[PDB]
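Q: Kindly return the folded structure for what I paste below:
(chains A, B and C)
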Amino acid sequence: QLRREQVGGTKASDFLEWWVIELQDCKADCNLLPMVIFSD
Amino acid sequence: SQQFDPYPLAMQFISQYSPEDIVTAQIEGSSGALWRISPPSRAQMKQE
Amino acid sequence: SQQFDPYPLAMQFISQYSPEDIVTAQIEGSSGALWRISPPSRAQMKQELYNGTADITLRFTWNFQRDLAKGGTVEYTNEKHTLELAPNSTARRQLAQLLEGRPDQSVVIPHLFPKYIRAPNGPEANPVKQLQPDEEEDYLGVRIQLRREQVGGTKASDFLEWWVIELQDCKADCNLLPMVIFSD
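A: Numbers count the residues shown, from 1 in each chain, chains lettered A, B, ... in the order given. Take a look:
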């Protein structure tokens, strides 16, 4: 998801941007990406 | 362990590691910093 | 091979490497990300360029990252070609003007972009002396341009900036900086 925030004749590149990624199946944990990692 | 029941595979692999030997990375998605794209490059990306 | 005819030097050096052992880095110039300079620091930079006294530097560092899966003991190699911009010299006198945000003006700096770089197993990516005798005059000239985009009582630090560098002799490849790099 591209969250977008206005600052202030371009309407596109006039203001802030950033990216937010979530798992496809998020129940209430949209701020969460678990990633189990194995260490030998 | 109990969520990979059908599988002897888990016994071969998962069992090798003590439960503390394995960690999780609760990486957040929202707190990505502001994007850095120059509007020429953003326009070219949009074109492509 | 055929573009270094006079030279037995090429036979000694270039021949050592299979043609696939040598790769090119089509690094783009336009797609540099937005500049990050705090307007105190930008103003201080402008001051040092405008009425500076101590001689200033402008370095240009490359850095190659290889893969360890193919063996090897080093992962990063790098070096720099430091250049000095004399006070009241033309180069600085034009960079300073460039910083004021004029639309189309630009400057060219000579001897800044070596073309053939050896990447041996040691952390010294030394330029190959043996395709270029001068070691300082055979370097290419690069063309720096400050592209500038408005957003919106300062007229200077109110809006976006970024840098775009091109070779001095660009035919139609302004988005191209070839850089032949040698791998042992």
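Q: how deep is residue A:13 tucked in, by neighbour count?
A: 16 (other C-beta atoms under 10 Å in any protein chain shown). Placement of C-beta: from N, CA and C, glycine included.
Q: An error on my part: the question was meant for residue A:3.
A: 12.
Q: Helix, strand, or coil at it?
A: strand (DSSP: H, G, I helix; E, B strand; the rest coil).
Q: Return the residues of chain A in contact with chain B.
A: Counting by C-beta under 8 Å from any C-beta of the partner chain, chain A comes close to chain B at A:10, A:12-13, A:16-22, A:30-40.
Q: Any of those buried? List them.
A: Listed as buried from the residues of chain A next to chain B are A:13, A:18; burial here means 16 or more other C-beta atoms under 10 Å in any protein chain shown.
Q: List the ones among the residues of chain A next to chain B that fall in strands.
A: Those of the residues of chain A next to chain B mapping onto strands are A:16-19, A:36-38, per DSSP state E.
Q: out of these, which one sits closest to chain C?
A: Using C-beta to the nearest C-beta, residue A:16 comes nearest to chain C of these, at 10.1 Å.
Q: Which residues lie in contact with that closest one in this structure?
A: Contact partners of residue A:16, counting by C-beta atoms under 8 Å, 6 or more residues apart in numbering or on different chains, are A:4-7, B:34.
Q: what's the answer for residue A:13, then?
A: When contacts are counted by C-beta under 8 Å, 6+ apart, residue A:13 touches B:39, B:42-43, C:149.
Q: and with 7 Å instead?
A: Under the criterion of C-beta atoms under 7 Å, 6 or more residues apart in numbering or on different chains, the neighbours of residue A:13 are B:39, B:42.
Q: do the same with the one 4 residues further on
A: Listed by C-beta under 7 Å, 6+ apart, the contact set of residue A:17 reads A:2, A:4, B:34-35.
Q: Check residue A:23 too.
A: residue A:33.
Q: Can you name the two of the contacts of residue A:17 that sit furthest apart?
A: Greatest spatial distance in the contacts of residue A:17: A:2 and B:34, 12.1 Å, computed using C-beta to C-beta.
Q: Spell out which residues of chain A are next to chain C.
A: Proximity of chain A to chain C, by C-beta under 7 Å from any C-beta of the partner chain, involves residues A:7-8, A:14.
Q: Out of those residues, which end up buried?
A: For the residues of chain A next to chain C, a burial check counting by 16+ other C-beta under 10 Å picks out residue A:14.
Q: what pairs with residue A:33 across the strands?
A: Beta-bridge partners for residue A:33, by DSSP bridges, are residue B:27.
Q: check contacts around it.
A: With contact set as C-beta under 7 Å, 6+ apart, residue A:33 has these partners: A:23, B:27, B:29.
Q: For the last one, grab phi and psi.
A: Torsion angles at residue B:29 (phi, psi; degrees, to the nearest 10) stand at phi -100, psi -30.
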